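Sequence lines set the chain letters: A, B, ... in the order given, protein chains first and strands last, and positions in each chain run from 1. Below, each value reflects all heavy atoms present in this structure, side chains not excepted, and no hydrogens, waters or symmetry copies.
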Amino acid sequence: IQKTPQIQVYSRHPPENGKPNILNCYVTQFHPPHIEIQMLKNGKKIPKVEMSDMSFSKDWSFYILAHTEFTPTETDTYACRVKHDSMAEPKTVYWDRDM
Amino acid sequence: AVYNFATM
Amino acid sequence: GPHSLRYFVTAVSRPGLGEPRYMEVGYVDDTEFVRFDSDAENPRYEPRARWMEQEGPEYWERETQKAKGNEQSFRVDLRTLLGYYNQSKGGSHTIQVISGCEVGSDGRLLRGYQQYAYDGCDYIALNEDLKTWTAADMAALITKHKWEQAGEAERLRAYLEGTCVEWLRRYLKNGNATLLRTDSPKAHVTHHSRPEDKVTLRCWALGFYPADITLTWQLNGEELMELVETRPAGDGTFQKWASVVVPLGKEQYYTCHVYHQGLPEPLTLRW
């Protein structure tokens with residue numbers, strides 16, 4: 001009855017240094033709906049993240065998109081941290097540009 | 001346009 | 001193709017922290033186009049799609065006050081369902097609603113639906129006939145009985161057959177360029193090592209609309225596989241991936257196939 005979020009991080013476009021892109025954090029398959037989602041640039045929260053595409057599935061679990069405009073560099077690192085009541089600790093999923 | 005929902 | 005108008009509706013009690021949070025999010029097909037959130041600064045229906053800027057002040061006022069009625073209506077349901085389920089009045093609970101209609105390309109009704117869930121389990125749903133209800137349990141029966149006695153199915157059928165369809169037509173036409181478009185997948189395959197002497201082959205599809213797509217891996221004819229649910233990429237297009245673990249030195253015998261509304265011939269690629 002409580003479902004653990006799946007957190008996927010991924011850019012809109014194949015990442016290339018210096019190119020505007022969108023970073024996404026899709027937080028999925030969760031219940032209850034109360035949830036916290038922070039996107040992070042080098043450990044620091046990114047301001048003005050957009051919450052979009054909220055839906056549910058057959059099994060009624062929640063789905064929502066966090067996303068933001070970013071320009072990747074080689075040194076910068078991006079992650080998404082989510083606090084949900086089904087998780088002992090807040091889970092950070094890091095962006096893997098080679099995925 | 002959404003429906004006016006009923007009570008349950 | 002056929003198209004959909006969908007409202008995802010959610011009311012969430014927060015006892016001790018005030019009134020329940022109420023959200024209505026609407027989609028045409030796979031595109032979010034409207035939203036009301038009771039936690040916004042000053043809650044009112046807002047456009048989420050550029051083409052909805054066309055609609056005038058009367059539309060936004062009419063949807064907003066409808067929204068605000070529903071907020072109250074679901075407020076009462078939450079209190080009602082505590083009674084139905086003999087639940088404490090200090091826990092947070094959720095009501096969810098999926099409400100909408102699908103039409104065929106001739107703009108006529110294929111299907112209407114309205115489904116409710118309490119705390120993530122089914123509660124009640126309009127049946128396909130569009131005259132009767134199916135209730136998930138003893139609580140839902142009480143609700144069922146009220147809707148039968150009040151004739152809600154028939155009012156709901158006027159909505160699914162009339163209001164829901166005519167507005168879907170309106171929105172398609174109003175948002176033709178965005179909603180009737182097709183963006184085709186661009187695909188590419190990535191390689192990863194492992195132990196003991198194996199390899200993960202991952203196939204990416206990117207930039208596509210509508211959200212519907214099929215990705216398969218093949219070893220010389222027979223289809224094979226980890227994947228992710230197709231997912232929004234933040235600009236109104238979607239992506240997916242599908243991976244297979246193969247033997248190191250046999251990568252060339254595996255190919256990824258991508259089928260999409262925007263690919264006359266499905267794509268074939270390999271590492």
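- Only the side chain of C/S99 comes within contact range of chain B, with heavy atoms under 4.5 Å apart.
- Between chain B and the options C/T143, C/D77, C/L160, C/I142, the largest number of non-hydrogen pairs under 4.5 Å is found for C/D77.
- The number of heavy-atom neighbours closer than 6.0 Å to CD of C/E58, taken from other residues, nucleotides and ligands shown, is 12 or below.
- If you take CZ on B/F5 and OH on C/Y116, they are separated by 5.5 Å, rounding to the nearest 0.5 Å.
- In this structure, the portion of C/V97 lying under 4.5 Å from any heavy atom of chain B is its side chain and not its backbone.
- In this structure, chain B has a heavy atom under 4.5 Å from the side chain of C/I95, while its backbone stays farther away.
- Residue C/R44 qualifies as open at atom CZ: its count of foreign heavy atoms under 6.0 Å is 12 or below.
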From CA spacing to verdict: side chain to side chain contact (heavy atoms under 4.5 Å, CB included), B/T7, C/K146: CA-CA 9 Å; B/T7 62; C/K146 293 180 179 188; 5.5 Å; no

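- Around atom CG of C/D212, no more than 12 heavy atoms belonging to other residues, nucleotides or ligands sit under 6.0 Å away.
- Contact annotation for C/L81: only side-chain heavy atoms (C-beta onward) come within less than 4.5 Å of a heavy atom of chain B.
- The 12-atom threshold is exceeded at CZ of C/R181, counting heavy atoms of other residues, nucleotides or ligands nearer than 6.0 Å.
- The nearest pair of heavy atoms linking B/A1 to C/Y171 is N-OH, 2.9 Å.
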Full working for side chain to side chain contact (heavy atoms under 4.5 Å, CB included) between B/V2 and C/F36: CA-CA 11 Å; B/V2 81; C/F36 173 91; over 6 Å; no

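- When each of C/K66, C/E63, C/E24, C/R155 is checked for heavy-atom pairs under 4.5 Å with chain B, C/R155 comes out on top.
- Among C/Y159, C/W167, C/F74, the residue making the largest number of heavy-atom pairs under 4.5 Å with chain B is C/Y159.
- Remark: B/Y3 OH to C/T163 OG1 distance equals 9.5 Å, nearest 0.5 Å.
- Sparse packing is recorded around CD of C/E154, with 12 or fewer heavy atoms of other residues, nucleotides or ligands lying under 6.0 Å away.
- Crowding of C/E128 atom CD: a count of heavy atoms from other residues, nucleotides or ligands under 6.0 Å not exceeding 12.
- The part of C/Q114 that comes within reach of chain B is its side chain, from C-beta onward, which places non-hydrogen atoms under 4.5 angstrom from that chain.
- Summarising the geometry, atom CE belonging to B/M8 is positioned 9.0 Å from atom OH belonging to C/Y84; distances are rounded to the nearest 0.5 Å.
- Contacts of C/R62 with chain B are made by side-chain atoms alone, with heavy-atom separations under 4.5 Å and no backbone atom involved.
- Contact of C/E152 with chain B is made through backbone and side chain together, with heavy-atom distances under 4.5 Å.
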